């Protein structure tokens with residue numbers, strides 16, 4: 001077994017997952033596995049998203065993915081800003097698209 | 001305007017999500033991006049809400065579906081609440097997992 | 001239980017309201033659940049739009065198949081404001097309905 | 001141009017136009033019918049029709065009528081039906097303010 | 001005299017407006033043709049404007065030389081302000097006759 | 001925003017749109033005020049150009065350019081004949097005003 | 001969201017949920033039936049009731065000559081353990097507590113041996 | 001004698017439990033088989049129970065085998081929570097054995 005509350009186990013397994021994501025670029029007792037996987041995936045998602053945003057700002061192609069999603073959503077904001085128009089929050093775009101579009105627009 | 005075009009193409013995307021339950025064969029870059037993103041967001045939020053309800057109903061938790069993710073994350077919050085403990089925000093869990101865990105933990 | 005199902009489906013409805021600004025296309029499901037979902041979705045949007053409406057009126061905005069009470073609560077608040085502005089006290093008028101009466105009184109008193 | 005001016009207080013105007021609205025609702029079943037007056041008229045007109053349709057809805061549910069598919073008739077029928085189903089299961093009614101007004105009140109009344 | 005010719009040709013233009021509801025067709029001197037056309041257009045404009053004002057006051061949806069829509073819209077501005085218990089302010093940027101019509105509808 | 005302020009705001013936007021772009025394609029209250037102030041600006045500008053055209057001896061054509069050019073031309077022709085100007089309100093606005101101004 | 005809160009002590013909640021569990025066991029023979037405290041107490045009291053009942057049936061089974069079974073319910077266990085005590089008694093030997101048999105086997109063996 | 005056979009087969013069962021952590025394939029008279037199985041199960045039950053209790057005291061939150069790990073952890077947890085509230089422990093035999101005993105033990109100090 002383990003000798004740890006459910007809250008502490010979540011914290012512990014979350015940190016392990018993040019650490020696994022940093023160590024390896026992939027996310028390969030149920031409570032622990034869920035927290036591990038979720039924190040692993042979130043780290044890789046946020047990283048790919050930030051790379052995507054930087055890609056758009058640098059003029060790089062988004063492709064044809066959180067890289068692509070964040071690149072495209074940043075591109076929306078850039079194009080609006082380029083037209084001299086003000087940015088408006090559109091929650092229908094979802095997360096993180098809306099936030100990314102606004103950030104790139106402002 | 002670009003703002004109105006986004007709104008228009010966003011509504012088309014939502015409508016496509018309702019009609020087909022997928023965003024793969026969806027039909028300017030601005031329009032295509034807004035369509036796809038609003039299509040995906042709709043399916044994500046729908047599957048997430050279903051997932052939360054699943055967890056509260058005692059279902060086993062186990063494309064764009066957040067059914068499993070939201071079910072799992074809700075389940076974290078429920079288990080902590082069931083132990084009489086308070087939950088703490090953990091942004092490392094990501095979105096919407098953190099928010100869903102907290103919501104399920106605090107009622 | 002039915003009570004827990006109502007709570008569960010109610011929270012789903014509220015969550016749907018927060019996520020999308022509508023309850024018309026709220027997505028193998030029981031009537032009890034569908035009713036609670038829709039009703040909690042609508043209540044959330046009504047209360048939110050109402051509070052926004054009240055703030056609108058107090059900030060000097062002139063209001064004059066959805067569920068928004070923006071306009072209603074703005075107008076009803078405006079009634080109370082105008083009475084207050086004339087130095088008069090308000091009187092409860094339940095015929096105005098809910099939440100118009102309550103909102104008018106609240107805006108009339110302070 | 002000459003016009004007829006009146007100097008009725010806002011409070012009195014609200015009362016007056018409210019009574020007119022209610023009376024219009026009673027006379028005709030629609031609310032097609034100064035901003036102060038128009039708001040009070042419409043709101044009192046609509047409240048009357050809403051309360052009436054709501055009470056009809058409650059009676060509908062208690063009689064076993066269908067509420068409709070996918071309106072205050074329908075809303076109050078559905079909300080009453082929640083309370084009825086809970087009562088039918090032998091369970092006690094719990095206030096749920098999240099259901100809003102008048103749904104919560106109607107659910108409780110039909111439950112108890 | 002030129003003054004009398006203007007009056008004469010002006011009355012002809014008004015008459016043409018009444019008869020035919022347009023000013024494209026001419027029923028001779030530049031002075032006369034100009035006065036005819038201008039008085040024809042003015043008559044149709046003022047008529048359509050007054051109809052537009054009445055439309056707005058009667059609750060009609062608003063909307064060539066016709067000012068029906070313009071005067072209906074501009075009246076509607078004044079009505080809405082009046083309905084809110086506020087006084088109107090002259091705004092010359094609205095142009096003529098929009099400003100005048102808005103004010104008239106706002107005052108009563 | 002109050003209705004009065006919204007009218008002012010949307011009016012100024014319309015004028016600004018007219019100045020920026022030479023056309024008026026661009027709440028109902030806001031859209032009406034925008035369009036009306038846009039159109040008035042373009043109308044007054046074309047009218048003033050028309051008046052200047054007439055005074056410079058330019059042809060009016062065979063439009064507020066043409067209207068104001070023609071109306072100015074009435075006043076010019078009366079003045080040229082040595083006759084005094086008389087207000088004729090039946091000519092309407094701005095024709096009457098323009099004719100008088102060009103006549104005096 | 002509005003929620004209904006209650007503030008019952010842990011001790012009272014245990015008592016309450018324990019009584020519910022026992023009642024459920026009496027009403028229905030399963031223990032399938034929101035806080036962990038309540039769920040634990042309910043389940044434990046439900047299962048204990050069914051265990052003690054099946055055990056007593058098992059003891060009576062052994063005394064009546066019934067087969068215990070082969071290879072929640074303590075029917076078999078208590079029947080077998082009673083049978084141990086009966087066989088010792090049948091040999092004219094005195095009963096000796098053997099705690100290694102565990103609970104309730106030891107107690108049941110002794111009772112059947114002496115009784 | 002029957003008594004000695006019980007003791008013998010009981011010790012075999014215990015020994016099997018110590019060697020392997022199971023009694024499902026416990027490898028002959030009925031008396032012997034019963035004693036073997038029962039002593040095997042009791043040993044694993046008591047062991048898992050004591051581990052469970054220690055788990056709860058060390059801050060673990062536990063809420064078709066023979067393990068009492070979870071049961072004894074949960075029951076200990078009841079006693080701990082009551083003690084943590086400053087309240088006195090009350091015996092509740094309806095909780096059964098060993099839940100009641102374990103709850104009390106964890107409650108008292």
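Each position is counted from 1, following the chain as shown.
Using N, Cα and C of the backbone, Cβ positions are placed for all residues, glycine too.
Taken verbatim from Swiss-Prot:
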DISULFID  F:10-F:30  disulfide bond
DISULFID  F:11-F:37  disulfide bond
DISULFID  F:24-F:38  disulfide bond
DISULFID  F:47-F:68  disulfide bond
DISULFID  F:60-F:69  disulfide bond
DISULFID  F:71-F:95  disulfide bond
DOMAIN    F:71-103  domain 'Anaphylatoxin-like 3'
DISULFID  F:72-F:102  disulfide bond
DISULFID  F:85-F:103  disulfide bond
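The Cα of residue F:62 and the Cα of residue F:63, which border 8 unmodelled residues, are 11 Å apart. Taking Cβ pairs closer than 8 Å, the domain 'Anaphylatoxin-like 3' (F:71-103) reaches residues 47, 50-51, 53-55, 60 in its own chain, all 6 or more past its ends.
Cβ-based neighbour count (10 Å, all protein chains) for residue F:69 (disulfide bond) stands at 26. For the pair residue F:11 (disulfide bond) and residue F:71 (disulfide bond), the Cα-Cα distance reads 28 Å. Considering other CB atoms within 10 Å as the measure, the emptiest surroundings among the disulfide-bonded residues F:24, F:38, F:47, F:68 are those of F:24. Cβ environment of residue F:72 (disulfide bond): F:50, F:51, F:53, F:54, F:55, F:98, F:99, F:101, F:102 lie under 8 Å away, each six or more residues apart in the same chain. Counting other Cβ atoms within 10 Å of each Cβ, the lowest count among the disulfide-bonded residues F:37, F:60 belongs to F:60. Within 10 Å of residue F:69 (disulfide bond), counting CA to CA, the disulfide-bonded residues F:10, F:30, F:47, F:95 contribute F:47, F:95. Once the 7 residues left out of the deposited model between residue F:26 and residue F:27 are set aside, the two flanking Cα atoms are found 14 Å apart. Ranking the disulfide-bonded residues F:30, F:85, F:95, F:102, F:103 by how many Cβ atoms sit within 10 Å of each one's Cβ puts F:95 at the top. Around residue F:10 (disulfide bond), the C-beta neighbours below 8 angstroms that are at least 6 residues distant in the chain are F:29, F:30, F:31, F:32, F:33, F:34, F:37. In space, F:47 is the closest of the disulfide-bonded residues F:47, F:60, F:71 to residue F:38 (disulfide bond), judged by Cα positions. Of the disulfide-bonded residues F:11, F:71, F:71 has the largest number of other Cβ atoms within 10 Å of its own Cβ. Under DSSP, the residues of the domain 'Anaphylatoxin-like 3' (F:71-103) split into helix, strand and coil as follows: 22 helix, 0 strand, 11 coil. The two recorded residues, residue F:60 (disulfide bond) and residue F:47 (disulfide bond), show a Cα separation of 11 Å. Each of the disulfide-bonded residues F:37, F:38, F:69, F:95, F:102 was checked for a CB under 8 angstroms from a CB of chain E; the ones meeting this are F:37, F:95.
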